[PDB]
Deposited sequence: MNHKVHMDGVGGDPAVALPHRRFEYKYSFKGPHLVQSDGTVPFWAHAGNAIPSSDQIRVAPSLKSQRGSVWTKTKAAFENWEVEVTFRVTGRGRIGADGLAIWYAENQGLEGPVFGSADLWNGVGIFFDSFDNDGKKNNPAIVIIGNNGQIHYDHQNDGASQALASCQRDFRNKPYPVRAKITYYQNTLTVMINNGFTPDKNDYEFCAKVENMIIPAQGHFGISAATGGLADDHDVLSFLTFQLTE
């Protein structure tokens, strides 16, 4: 694995003095801060997103995304999406993003809770899933998403412990083709019910 700084962010100096995240663009009501990005806050009817400024061209890759979804309800909304897509996702009704993309979304759907892998070829408006309660966990939840030899695997650290390497299997998609070049991204949304959707770090690795 080679760590790829230009497709990554993390604390404790995550945001620059002008409020930007180096190498990433943010939109909607995403709020970057020194130790995390609040991609959508626990207010009604929010959308926000953060996307890499440039495309990555990695044949094989792995991302480790550390996040929290926190709210007062036993039920919350809407959730968070981790993306690899040919184009930067404009705003829309899909966890803060547009409903047509070319690539793959890993959706943490609160309103369940379920984690679902959705592929798209840039011409449509669920390939595998698992049930995990990723809300209101005592330690950060982590998703490790690996694309290697045409197989997409999602592993989840459910945040019940402070062991950052305690990943368990969620889902896998075999024989998957995705864009050769694309942006990495995160989006989140809320509705009438609303959680804080916080991403502490997004760490991208090229695999060889």
(request) Point out each run of deposited residues with no C-alpha coordinates, keeping the order of the sequence. (result) 1-20, 132-138, 153-162, 246
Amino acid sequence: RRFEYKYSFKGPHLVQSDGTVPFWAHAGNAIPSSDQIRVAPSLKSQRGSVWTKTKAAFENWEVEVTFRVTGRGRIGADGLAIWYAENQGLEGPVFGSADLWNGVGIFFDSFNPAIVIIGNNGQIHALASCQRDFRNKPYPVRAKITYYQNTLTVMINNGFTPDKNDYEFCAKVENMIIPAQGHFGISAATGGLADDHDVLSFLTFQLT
From here on, numbers count along this sequence of modelled residues.
(request) Give the stretch, out of 182-190 and 9-17, with the larger mean C-alpha temperature factor in the deposited entry. (result) 9-17
(request) Look over 18-26 and 192-200 in the entry and identify the one with the greater average Cα temperature factor. (result) 18-26
(request) Using the temperature factors in the entry, find which of 106, 85, 77, 94 has the highest value at its Cα atom. (result) 94
(message) For the CA B factor values reported in this entry, which option in 145, 40, 141, 177 has the top one?
(response) 177
(request) Could you say whether, by C-alpha temperature factor, residue 44 belongs to the lowest, middle or highest third of its chain? (result) middle
(message) Looking at the temperature factor on the CA atom of residue 115, which third of the chain's modelled residues does it land in?
(response) middle
(message) Which third, lowest, middle or highest, does the C-alpha temperature factor of residue 50 belong to within its own chain?
(response) lowest
(message) Looking at the temperature factor on the CA atom of residue 57, which third of the chain's modelled residues does it land in?
(response) highest
(request) Divide the modelled residues of the chain into thirds by Cα B-factor and specify which third, lowest, middle or highest, holds residue 70. (result) middle
